[PDB]
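# Survey of secondary and tertiary structure
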Amino acid sequence: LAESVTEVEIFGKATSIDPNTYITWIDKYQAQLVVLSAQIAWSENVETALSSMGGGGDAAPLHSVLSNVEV
């Protein structure tokens, strides 16, 4: 889990994910592990976006998280 989250944190904080590296990462770790890593990365990204959105809707990175999820 530690190694997989270390990889998916790199994956999430990027755009236009390369299919080859994503497929290799999926193959590397178990299904339970890959799902848990995805959930952990999403939770941390949403938490840091909310923390950075303390002032309000100004400079909202939640749209960036949604775009990452869409990609």
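Residues numbered from 1 in each chain as written, not as in the entry; some residues may be left out. Part of a larger assembly, values for the part shown. Heavy atoms only, no water.

Method of structure determination, per the deposited record: cryo-EM was used for this entry, reaching 3.5 Å resolution.

### Some remarks on a nonpolar patch on the surface
A cluster of nonpolar residues, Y22, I23 and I26, forms a patch on the protein surface that exposes about 250 Å² of accessible area. Within the element layout of this structure, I26 appears in helix 2 (residues 19-28). For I26, a relative accessible area of 33% gives the class partly exposed. (Patch = residues over 30% accessible without salt bridge, like charges linked within 9 Å, V, L, I, M, F, W, Y side chains within 5 Å. Areas by Shrake-Rupley, 256 points an atom, 1.4 Å probe, with all protein chains shown as cover. Salt bridge = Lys/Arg side-chain N within 4 Å of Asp/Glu carboxyl O. Helix = DSSP H or I, 4+ residues; strand = E, 2+ residues; numbered from the N terminus. Buried < 20%, exposed > 50% of the residue type's maximum accessible area, 1.4 Å probe, protein only.)

### Examining the layout of surface pockets
To find leftover empty space, a probe the size of one water molecule is rolled over the atoms. Estimates place the volume of the largest pocket at around 370 Å³. What lines the largest pocket is a set of 17 residues, and nearest its centre among them are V8, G12, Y22, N68 and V69. Listed by contribution, the elements that provide at least two residues to the lining of the largest pocket are helix 1 (2-12), helix 2, helix 3 (31-52) and helix 4 (62-70). Among the elements that line the lining of the largest pocket, the one with the most residues is helix 3, at six residues. (1 Å grid on protein atoms, 1.4 Å probe; cavity = no way out; pocket = protein on both sides within 12 Å on 5 of 7 lines; lining within 4 Å. Points joined across faces, edges and corners; volume = space filled by probe spheres on them.)

### Looking at the packing of aromatic side chains
Throughout the structure, instances matching the rule amount to three aromatic pairs. Judged by centre distance (5.3 Å) and plane angle (70 degrees), the ring pair of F11 and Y22 falls under edge-to-face. With a gap of 11 residues between them, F11 in helix 1 and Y22 in helix 2 connect regions that are remote in the sequence. Judged by centre distance (5.7 Å) and plane angle (35 degrees), the ring pair of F11 and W25 falls under tilted. (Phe/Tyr/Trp six-rings, centres within 6.5 Å; stacked < 30°, edge-to-face > 60°.)

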